[PDB]
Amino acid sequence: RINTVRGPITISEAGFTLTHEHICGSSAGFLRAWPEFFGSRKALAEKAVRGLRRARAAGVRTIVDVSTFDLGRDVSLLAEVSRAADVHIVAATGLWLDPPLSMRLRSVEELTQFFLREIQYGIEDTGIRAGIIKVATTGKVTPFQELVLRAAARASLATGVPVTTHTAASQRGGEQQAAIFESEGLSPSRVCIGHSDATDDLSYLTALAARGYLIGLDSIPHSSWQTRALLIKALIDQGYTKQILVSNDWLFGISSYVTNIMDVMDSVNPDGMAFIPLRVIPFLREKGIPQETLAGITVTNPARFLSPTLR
């Protein structure tokens, strides 16, 4: 079973799953302290419901919201929009790139307890449990980020829940993440190295895939997008279809960036979270990729990844 914001589901219920998405990119406490920044909480929720309904009509059945504490995750909002759009949402623990002081000063042992409580007990007082652990690094990995990665590995080893990462692919950041995870005894099959579509260095991706890591080609419309999409085909052609995860990395509201960035983004990708099913899938089909392989990438791979496993 996979934990979602509406409770547990069987792996067969997950269906076509976008593995790296956000309802809202924000900061801890921000949505509740200043909802007017998004027009209103209601306006944000309604936009997300329409957006999720549009993705559902394009075949999407589940999204993984990889918003951590410090991205302002509001699981109550996730549960509301999930119920109204009839789209499953898996919530995340972990930490991204904006930890406040109360996180930054914690030891690896303390961070492990925090990630564990969000997986095993629930997020805040909601009873909603995280189904994935999201971490992020820059450069060669800062000392704090190393603590985060180790705590994520320890939480994953105790629960079977997978780890997914933010990298700078241009700096081949997955290599240092992989080294830390393997030092902790974490199986690569529990790890998605994310934002991997932001490089043209195929040798970097193939080597990670050959070690058993999942490759998150998760930011396709942030681009040319066809060039990014072709990395999918390249990994298929090398026989690493089982290692591929695809997503949009879209959002319905953003406060952790310049004002009005959401409008720019929406104008550049009007499909929003429907961009993968509406544009990328047809493109890959037009390039000769068969249905069975596209369904394995978008249904089978996410199911294997999210299903809690210690084998």
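Numbers for residues come from their place in the sequence shown, where the first is 1.
- Coordinates are lacking for 10 or more deposited residues between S223 and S224.
- The mean Cα B-factor in the deposited entry runs higher for 203-211 than for the other of 100-108 and 203-211.
- Set 110-118 against 169-177 and average the Cα temperature factors; 169-177 ends up higher.
- Comparing the listed residues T259, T68, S247, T62, the entry records the largest Cα B-factor for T259.
- Looking only at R228, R190, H88, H195, the residue with the top Cα B factor in the deposited structure is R228.
- In the PDB entry, a CA B factor belonging to the middle third of its chain's modelled residues is recorded for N3.
- For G139, the recorded CA temperature factor ranks within the highest third of the chain's modelled residues.
- When the modelled residues of the chain are ordered by C-alpha B-factor, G127 sits in the middle third.
- The entry lists a Cα temperature factor for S183 that places it in the highest third of the chain's modelled residues.
- The PDB entry assigns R150 a C-alpha temperature factor belonging to the lowest third of its chain's modelled residues.
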